[PDB]
4 protein chains.
Amino acid sequence: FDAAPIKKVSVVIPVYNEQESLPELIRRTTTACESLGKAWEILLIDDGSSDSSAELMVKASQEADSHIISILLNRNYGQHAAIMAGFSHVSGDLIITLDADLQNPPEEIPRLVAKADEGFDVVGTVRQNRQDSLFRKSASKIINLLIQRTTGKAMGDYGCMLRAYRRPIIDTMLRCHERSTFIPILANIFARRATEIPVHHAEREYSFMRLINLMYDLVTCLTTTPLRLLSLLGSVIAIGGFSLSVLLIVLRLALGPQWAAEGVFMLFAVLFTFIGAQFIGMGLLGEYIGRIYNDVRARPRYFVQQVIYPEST
Amino acid sequence: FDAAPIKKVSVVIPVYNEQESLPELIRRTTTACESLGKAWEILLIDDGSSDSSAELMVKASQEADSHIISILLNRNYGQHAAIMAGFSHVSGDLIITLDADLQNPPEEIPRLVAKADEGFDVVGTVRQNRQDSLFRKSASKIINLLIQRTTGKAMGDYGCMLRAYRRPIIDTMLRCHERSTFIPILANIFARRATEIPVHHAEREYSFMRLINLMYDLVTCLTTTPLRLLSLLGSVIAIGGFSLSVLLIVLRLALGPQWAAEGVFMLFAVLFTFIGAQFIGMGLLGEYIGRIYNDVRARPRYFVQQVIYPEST
Amino acid sequence: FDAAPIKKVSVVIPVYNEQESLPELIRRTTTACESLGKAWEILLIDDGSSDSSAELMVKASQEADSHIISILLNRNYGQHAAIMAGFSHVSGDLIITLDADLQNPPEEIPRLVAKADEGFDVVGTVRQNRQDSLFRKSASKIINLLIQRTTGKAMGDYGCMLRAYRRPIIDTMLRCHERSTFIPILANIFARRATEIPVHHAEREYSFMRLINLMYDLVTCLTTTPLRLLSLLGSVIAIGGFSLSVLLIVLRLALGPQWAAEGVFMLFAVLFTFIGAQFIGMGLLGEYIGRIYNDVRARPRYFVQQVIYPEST
Amino acid sequence: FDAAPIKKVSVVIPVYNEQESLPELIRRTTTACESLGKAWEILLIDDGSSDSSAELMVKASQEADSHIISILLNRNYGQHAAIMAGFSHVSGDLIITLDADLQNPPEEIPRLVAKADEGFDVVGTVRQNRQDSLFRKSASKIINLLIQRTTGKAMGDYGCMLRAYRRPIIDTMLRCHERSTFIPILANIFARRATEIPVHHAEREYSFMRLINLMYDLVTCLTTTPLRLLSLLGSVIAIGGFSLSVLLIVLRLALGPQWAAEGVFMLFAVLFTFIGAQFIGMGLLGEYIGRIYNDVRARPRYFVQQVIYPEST
């Protein structure tokens, strides 16, 4: 929970079939870290590549005066799991995640280090003038609002990989064993102070079905409200059907029969009341189902910064 | 599990942006504790405040001859989590929870200590002549009955913060890791002897949507009966539709056709039978869902007071 | 896993407001145990009684040359929990459970010990000529068949308290932490050899709503089949509606219109197909829900009796 | 994670009432293992047999110069549990599972050992010209495709028992405590390199209801997609009903009334919209239910092969 100036930096980079980009990535990333004036290390994690990426990483770590640690996985498990493997081997005070495709320039690293020295626990980035499609642009805005309400911190670009975390944030994320989650969201759940800064990127150009799968992951990770709306929806339908049934009953007695299908309409009104009550029942199940999920994840409830005892005198 | 007289008292107070009230709270609370004639300590827990509350607490704990312990959290986590942080640092025999807004006078503390010395494990309070709205007043009565049936102990005011717990009660509540719960309810699940006494309070004046959210938390924490009512409701609907279908079939044969829409009515009757069977199915799922929730919470099953072995002679 | 002759016997008796019966229970139970010719102990567990039962138990355990161990609970938790408390304090090779109301004579204890010496891991009892009501008598038969199919062992009377368990059976039941269960059922899940014998009892005369609650507990503890029947039921309804819809479509073209409400009937047939598909969906959820429950309970998968390694020569 | 040549082989064989086949199985299996030129052991696990199988196994293990280890279970628990018992007692580098009914010849063992020496972590088998029924043949093809998509490895015959696993694969499967699963599927989730080879078998001739039960186990073990299809199905129904309702409303105003039952048709269209929304609600529950199941199983997220640190110079 230290707010002291940073002394060492750790860089975490997942690798999966990056044979062509590695020589340039290592050179540019190394130069930027040397300009910090601090101790540093670089972690390369191979996620079961098949294009000689592992051979290059071993050679780099054996090079004279190297600061590169190579972690090799037995097979492909995912980018999220590869990052968590790196978190378990870091030794620095500030942790920075980066992409191996060189979409995010390594030259932006010094800016994040300087911003963190001002006391921010988490430092994010926002890509400027990326000119995405309207559907994707609109979706990003919706996600940003949802994260702001739930976590209290904003996220302009949830999909950007360039971010900085302080060590106390990383240690607690290692205490969360939930399989479905999003690391940037998890950090803001424990962060006290956060900010974002603008960055530039390489020109563009996941798939559509990957995007829709991601929407469910975000919503389930953030809120259980959708299960609450089932009961609200049902109560509206149930009340509407009940009111119409009474109106038809009272209307015909005070005004005599009016339509040939008058009996059929009353039967439908009773049916709609039952349909609404079914939504309430499903929402009733949702209240228990949602609470089971929180207990299963078992996130930490609090973290203590310091305790002050009265003087023994 | 001691019924012996109290020797030390611990006071737990959550703090969140109470800069204006702290100077008066510390003075009044300190005086009342000094009148007990017992050893005492006061715990102040800051839940990520932003109005210089943390600075005052540190100064108070460093004051000469102080009995104040200050616990600082890295960010805001909630009143419930802040209280649990205090429970993990207490050292007394009787634990008292209090509010930092001075709604509940600190001068009532000696009364609770005296009542606990008579052998009661839990001592509650009831606010007199608070003149709440009819909807809120009616809701409190319903909650009191529900808690009485389930726990065997009554609770006139579930929302009052001034309460006393003996150490054996606090230790077991620390063994319950359920995220959604209510501390006063949890205490009565392990208490042998309990009572409530009247108190006075400052004049009044959560929001409406906060109240409805709280109702679900209370019901889910107390009972799984609502999932049982789905099957009962369905059986009534299913039996009604089946009876009407038979009546129409028998009626027309013994009395000939009667209505133009006679065929349509029979189809509706068959439908209502299916609708009821759907409620049974959802209730069937509820039986398993509710039992999963109890196992996940994993509350203690029993506590042993003492064991008497026969004499070795 | 020993099949050796029994050397010591442990008797477990839950107590809850048995002030009048205790003096006779202790005398009769003590005499029967002395006739065995083996070492023995008696455990009395008080489940938060309020009629001086605890005072008598302490006096009995302090009596000269006593074999009685008294376990006192801080409050009432249930008969099932009281029994589990006794299991955690036994020291014998054969464990016998008995009722404190003297409905089951203590004089039947020697018979169970003799039967267990023949090599049976579990020994049960069946009450003769109890002349229960037809509804209760029929329910017992249904439960017996269900337990036979699932466990491979029969149970004539699931409600009889007089039973004997060998130590290896008790130790494993202590490794099952499921809150909702039935001890006699759990024993047969690990027993290799079991039998039942007839006994006599005091003349009769739970409530009706207690009986229906118990039926759900038994079924959920034994099988998940009821969730499978939802899909089977839906497929029948869906196939029926689809067939009728085709018949109406083909029938009218090859035979012209026949009824005024012909269009309405086709709409109902389409509806019934949707209704059936809803049952399939609920059953689809049940497949996952039922498997979650088994993992949460986390019963032992196997127990090893002995391992024979080849001779070192 | 060694790719080194195999030095010792372990054979695991579950036994349940194989009195007639054991003498031939032991002789043939022993000869094949002696031809390998490596150290070897054979494990026989008795799953609560009742036909003198246990007596023969003990005699075999006590025979002079024997390599047979006998593991006896207290009762029948299942073939899957019996295999896991063997995995906990193996001591070799390559693990081979075999059937005691001699359907799979033991003479195929040397082929699997040779194939594993080429660097494959898992080696499977495919039965040739078994001439199964069309329904069973078609089902096998569907399962093979499903496993290929999910695991990245194919499985021609999921039901064949003859397979080889390297030690690193077995150790991790012991870290998966899920009760419902399929061992061959679990191995491919951690394997880097896998292959299958053809084998021959004895001529044929589970039951039908056993086959349908197995289909649910496979699908639940592999994917949660079926819960996603509920929402997709509902959206189609909801959109269709909404479109038809608008068409009827617009059509009649611009073309006047057309049918006597025009009002009834509109009511049905509104109903179908509600029916579809119910499918969405169930799918909404499925998103949470499916994620609870993955956390409960708690499979390992990754395995590290080696870590290369930079030279200290």
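About the cut-offs
Residues numbered from 1 in each chain as written, not as in the entry; some residues may be left out. Chains lettered and ligands numbered in written order. Heavy atoms only, no water. Residues with missing side-chain atoms left out of burial classes, pairs and counts. Helix = DSSP H or I, 4+ residues; strand = E, 2+ residues; numbered from the N terminus. Rg over C-alpha atoms; globule rule 2.2 N^0.38 Å. Least-squares fit on C-alpha atoms. Contact = heavy atoms within 4.5 Å. Domains from an automatic or database assignment. UniProt positions renumbered as here; feature names shortened; annotations may be inferred. Buried < 20%, exposed > 50% of the residue type's maximum accessible area, 1.4 Å probe, protein only. Pairing = 2+ DSSP bridges. Right-handed = clockwise from strand over helix to strand, strands pointing away. Patch = residues over 30% accessible without salt bridge, like charges linked within 9 Å, V, L, I, M, F, W, Y side chains within 5 Å. Areas by Shrake-Rupley, 256 points an atom, 1.4 Å probe, with all protein chains shown as cover. Salt bridge = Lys/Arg side-chain N within 4 Å of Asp/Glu carboxyl O. Buried area = accessible area lost by both parts, 1.4 Å probe. Polar contact = N/O pair within 3.5 Å; in protein donor to acceptor, adjacent residues only side chain to side chain. Nonpolar A, V, L, I, M, F, W, Y, C, P; charged D, E, K, R; others polar.

Engineer: Lay out the overall build of chain A with the relevant residues and their values.
Structural biologist: Within chain A one finds 10 helices and 8 strands. For 313 residues, the compact-globule estimate of 2.2 N^0.38 gives 20 Å, and the C-alpha radius of gyration of chain A, at 27 Å, exceeds that figure by more than 25%. Dimensions of chain A, computed from the C-alpha atoms along their principal axes, are close to 100 × 70 × 40 Å.

Engineer: Describe the relation of the copies chain C and chain D, listing the residues and the values that go with them.
Structural biologist: Once chain C has been moved 0.0 Å along the axis and rotated by 90°, it coincides with chain D to within an RMSD of 0.0 Å. Expressed as a symmetry operation, the mapping of one chain copy onto the other fits a four-fold axis. A share of only 15% of interface residues in chain C that are also interface residues in chain D marks the association as one of differing surfaces.

Engineer: Explain the domain arrangement of chain A residue by residue, including any values.
Structural biologist: The domains assigned to chain A are domain 1 (8-222) and domain 2 (225-297). On a C-alpha basis, the centres of domain 1 of chain A and domain 2 of chain A stand 48 Å from each other.

Engineer: Run through the UniProt feature "transmembrane region" in chain A, naming residues and quoting values.
Structural biologist: All names here are of chain A. UniProt records the feature "transmembrane region" for residues 230-250 and 264-284 in the present numbering. In the segment residues 230-250, helix accounts for 100% and strand for 0%; the C-alpha atoms at its two ends are 31 Å apart. The distance from the first to the last C-alpha atom of residues 264-284 is 31 Å, and the span holds 100% helix and 0% strand.

Engineer: Let's hear about the pairing of strand β2 (residues 39-46) of chain A: which residues, and what values?
Structural biologist: All names here are of chain A. β2 sits mainly inside the fold: 7 of its 8 residues count as buried. Relative to β2, strand β1 (residues 8-15) is paired through 8 bridges, and the arrangement is parallel. Paired with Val 9 across the bridge in β2 is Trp 40. Once the chain exits β1 it traverses helix α1 (residues 22-34) before rejoining the sheet at β2, and the crossover so formed is right-handed. When β2 meets strand β3 (residues 68-73), the two strands line up parallel, connected through 5 bridges. Its bridge partner being in β3, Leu 44 is matched across the sheet by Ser 70.

Engineer: Just give me the short version of a nonpolar patch on the surface, but keep the residues and values in it.
Structural biologist: Together, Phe 242, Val 246, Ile 249, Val 250 and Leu 253 of chain A line one region of the surface with nonpolar side chains, adding up to about 500 Å² of accessible area. Considering the arrangement of structural elements, one finds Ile 249 of chain A in helix α9 (residues 225-255).

Engineer: Can you lay out the relation of the copies chain C and chain B for me, pointing to particular residues and giving the numbers?
Structural biologist: Mapping chain C onto chain B is achieved by rotating through 90° and translating by 0.1 Å along the same axis, at an RMSD of 0.0 Å. Interface residue correspondence from chain C to chain B reaches only 13%, placing this contact among heterologous pairings that use different surfaces.

Engineer: Outline the interface of chain C and chain D, supporting the account with residue identities and numerical values.
Structural biologist: In this complex, chain C contributes 40 residues to the contact, which on the side of chain D involves 51 residues. Regarding the contact of chain C and chain D, the summed buried area is about 4400 Å², with carbon and sulfur atoms giving 66% of it. Our count for the contact surface shared by chain C and chain D stands at 1 salt bridge. Of the charged contacts, one joins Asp 217 of chain D and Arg 291 of chain C as a salt bridge, the two residues approaching to 2.5 Å between their closest N and O atoms. There are 15 residue pairs in polar contact connecting chain C and chain D. For the side of chain C that touches chain D, the secondary-structure elements that each account for two or more residues are α7 (183-190), α9 (225-255), α10 (262-297) and β8 (304-308) of chain C. Its residues assigned to classes, the side of chain C that touches chain D shows 23 nonpolar, 8 polar and 9 charged.

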